[PDB]
């Protein structure tokens, strides 16, 4: 779909145009949910190896949460960039082709006619 | 505390109320602009509601 | 709606960090506290709904269902703690966790402003109930009951997903507040006919319609008591809420596409009540009574008049409370005698007098004794169907006669007559069972004093 | 893990630690053949590690504190009840035989792991290759059914095929009459219930089924009762053997590395003992299995993994 | 001692514990630094300073 | 098998897949395909029993036929275009031959007859390698040539794959054959949505890879290859029963699990192009996959099948298998639906 | 198979019974030939005679189903003077299902085939009238 | 032959045997009496009573009383000036353009 | 009186070569 956009500068996670965008906050709800995913994976890792789930290996669970937060932050940056590119291309194409996107003649309800179907 | 398990849930309700208030402040784009409730601001206040 | 979601998910660490003997006390206490908290949704206005956010809103239709769900959860916790007495602790916590998760999905379902979010929660409700039925059910055929229930729901609901996505692509939004103002007439064609079928069949299966009801006397029977309570009291009303929300887009094609299901549901309640007259199983009898009452709600929604809508929502709430109480009473009999046969244990009024009084009150509310809200809902639906056509009064009168017949047949068979000679383990009623019965009865009787809070968004 | 592909890449070759004294020796005989003290005196002459004969509670000795567990957690079977009532209705005989075969398989895996990891020889008593003799005797006495023999043959077929036979098999010939005299002299009140037909069947299946099939894949030394007491002659015979038979000769580093990887995973060793073949003797119901498993979990030192048991005195759990 | 055989996890692998904690601290400070320079460049490019 | 030789062979498999992915020349695509197949043959024959050699023979014959068809399509395209750039094709015959060659390599119906036998004859790890990694390269080649693909042919292959996979998996009791028929149905879905939005195809491929990896990793963790041996797991490790229950529920596409997201977005994409009958038919057919998944969950997690006596001997020992990434793919295959808008990173 | 469908749908409905019946019979015979080819490929017969008998049986059954459906639908369109109506195709589909039951010689499969193939033929008629697309071209 | 090894069905436990003062909540008497107190207090004394008090004093639920007061005002105003109390058309016909036919 | 759990016949049905 957007390979022509991602064809002149290939294999780039975040192009230089992405730095003009606001970065996600560290209190992002998606980032917090990804950290919760990391915590859940740490608890499952404790559970499948017959360790005490909430007590054994706090360093392991901390590294799980940290790794999930890191990877999720970069994925969120890429996602926001790509939706920004989508909107930018959409608006540029709308503005460049005014013949195909005419202004709809809006009419008030005193002129329009709607059939009435009684419920009896 | 020896009864923290009895205060897990009410602080959850308080936190949910606080998040509700924060989002209500976030949705304040039409405050004092509606055609039904538009009015001049009484002095010693800045907004109609919080 | 986050002030109710967050304590519900905080119930999970409460049940997973409690002691080995304090899980029931903690979960019941804090669920009752959140149930008390749920009364703040009654800030309803005569013109506008209570719109919280972009994703959540609650008008006067979803509010009684929410209050019913959040009140029903501690009842299921109190009911389900006797047959799980000897269970492993981790399995007990898993059972309570499935109940909590089901309540979370249910309170996210009734408040969903977007229709696809409503669909996602409405089909997320399938997994905890299927797991509860097929794991903690007592019989052999609980697996077959789970298969029937799951596949009826999914076969009904996949075209609903396709049709909802089509509506999203065609209209531009699935937001219910937008669709109230952006709605368009749906003309008569084959495409719109299959649109109506796709949008309606999921909720016709879930309600259930007569002919699609074959999963109900299985899932309602092989489930445990808490599963039966949540299936009869809330899960049948997801279909009613769905038809109330989705009928807005299906006009004016409903006025002739609703004829076959009106004939199915008008004749269906006679068939299910007659089935109730000749039932050897108590739980199956209660399930078929649920089928008949939901057929009444189906007719009320399909004729789409204001009186019918008010009667439909009142009847939904009343039948939820009554069916939950009846299932609890049948479960108490099952714990006493270890059999579901109605003819086995007889004459229990000479042994269990206050339980017999609870049985009498539940039977009286089942046959719509005025001025209970059962009778208010049934009466309003009867008035609206009389306005629809006049021979509907013949059908409704026949249904009322058979309903009184089978309710009093239930009561006379179980409670009256000579007691069974060889059964000698009829223990006196516990305080827990009596408290459960009274917590089912007293809100039902109190709601007759102020019945205006259960009469829907067009009261 | 302690051993893996990374260690084998980094120069851990098992042929380097394999000297000429690293042999696997299995001692066999009848019930009171006196092979026990012969195995002991052989093991303390060439300096090999002695593994005593595996019983019901061998796996209890290997794991945990090493103390024997109750009989409802290990075995669910009684040897004394087999001696008193061999034709019991609950199928104690085949259940005991299957449990003992699994214990012998575990002991063989432990012996092979010690041999391959330390390069030291191991003396065994009645390995898995000489376990079917008791099953055949029990079948010929009518104690067990044909289905038990078929189940045993299936389990043996899928388990013994991936292990190496002993280097030397030592058999001690004691007649059934002398065996009976020894068991009445011993004083065990249940061992006097053994009939002469059972011992005769054991001797017949040792002589006519075991030794002809094991002399091809390994080396068999056979002694009488009185000449078995001279352990110097036996150690001289073992030191003067010409090892040229069996699959131990064509063993390179890769094959022994795969074998060592197999024998150090005990759950992979005992994978095929509990195959879903539903026999009335060994199938346990769901409620009984759940009750026994929940009882077993509550034992001291058994709830979690080995290093993560607080109630038995383990520290630094939060850093482990 | 309780066990007849020393468990492989009888004592914590202090090398692995140190590596885990060091990697986690390094990842957290790297993420904080990256976020700080990202918001700085955003405010520089947009002129929101 | 030597550890070093195994390492070299596995990197040769990944090198062949990389060579297919990164190259702009048709001959290099062909070279990468043969390098991948030649290197993956000894992974199938790790155990050296007659079943593995039979599976390897059938796999070799099928892949060689598909490779010769691919070379035929490439040569026809060179004859009618005079170039070798991996892009849209300049002949309908070359497009048809290449599409059927890639269908034979993917194992979609009616070329599906080799997948369950080959998966049954090989170990669990090699079957995981096959059903997960071997499908990255043909889908990439399909992703490069979509302007030349016939719509009727690819849609026929898709619906045939879905129906045949569901009906085939209805009857199996071995776990590897169930996984093979599940794979066939999922590739039917993936190539169904291919011509409308290939990003949905990439998302479905990623989700199916994660779910299959989780299920196979649980299978080798418990060392179970049949239905009943899997049913014995409740008396050994109940956490694994919970994990296989949630993963098999997510494999059936039940909301709110992460397996609902691919078919949800596929149905969303297909209705934008005014195709309503096919997404309904594919959902109704995927109910069969849900059926045999639910049968597995009945036999494993929601009931307690009778166990045997030696399970106590198995109780006394802990597991020591390297269950690599098992919690991560267990979490990522069940609780990923709230992060559905993450699919924009794949465009 | 593309020209068979066009030559079936080129004839106006309720106009030429013989040509519509012939087109439907040709389509049915082609489908039966495909089914028989796959049957003799995957499930090999005992001899040449058994295989050719199976081929003739399958082809004749499918051709009879097609002929009966086409004749019944065209006759019902002629009588009722309603050419564009899925009820005629429902009647023809039930007639084809009853023919399938007659060929297999069992009543229950015939009744089930009547209901299901009558519904399917009605759906095909609605799709032809409303322009539903099954293999829809990519558009967005 | 004899079937698989399985425990028999356990006898049902009478809760009134060891504890004649049981409320049926738990086998330990202290946990049982505390569960009874919790359910009876937080169910009846808190939720039912204060819930009924809350519902009874709802601040003009769905504007019914306001509608009655406004109807009184409008009826008085229209009756005083001789106006009709209600018209057949909700919207003014002057501001409505009918379709030309 | 207690919960029903599958017998030998249930698993034996489930354990064939084909279903």
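Lettered A, B, C, D, E, F, G, H and I in written order, each chain numbered from 1.
Convention: a contact is a pair of C-beta atoms (placed from the backbone, for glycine too) under 8 Å apart; a residue touches a chain by one contact, two chains touch by 3 or more.
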To get from chain D to chain E along touching chains, fewest steps? 1
Could you give the fewest steps needed to travel from chain D to chain F through chains in contact? 1
Counting in whole Å, what is the centre-to-centre distance of chain B and chain E, each centre being its mean C-alpha position? 37
Cα-centroid distance, chain A relative to chain E, in whole angstrom: 25
When the C-alpha atoms of chain C and chain H are each averaged to a single point, how far apart are the two points in Å? 15
Chain-centre distance (mean CA atoms) for chain F and chain I, in whole Å, is 30
Counting only residues that touch at least 2 other chains, which ones in chain C make the list? 29, 33, 338
What are the residue numbers in chain D that touch two or more other chains? 1, 62-64, 76, 276, 278, 283-287, 290, 305-306, 308, 319-320
Touching two or more other chains - residues of chain B: none
Which positions of chain F touch chain G when the two form their complex? 151-152, 155, 195-196, 272-278
Touching chain F in the complex: which residues of chain C? 120-121, 123-124, 126-127, 131, 134-135, 143, 147, 150-151, 154-155, 158-159, 161-162, 165-166, 169
Mind listing the chain F positions that touch chain D in their complex? 1-4, 223, 226, 228-229, 231-232, 235, 304-322
Residues of chain C that touch chain G when the two form their complex: 189-191
Which residues of chain H touch chain I in the complex? 3-4, 9-10, 12
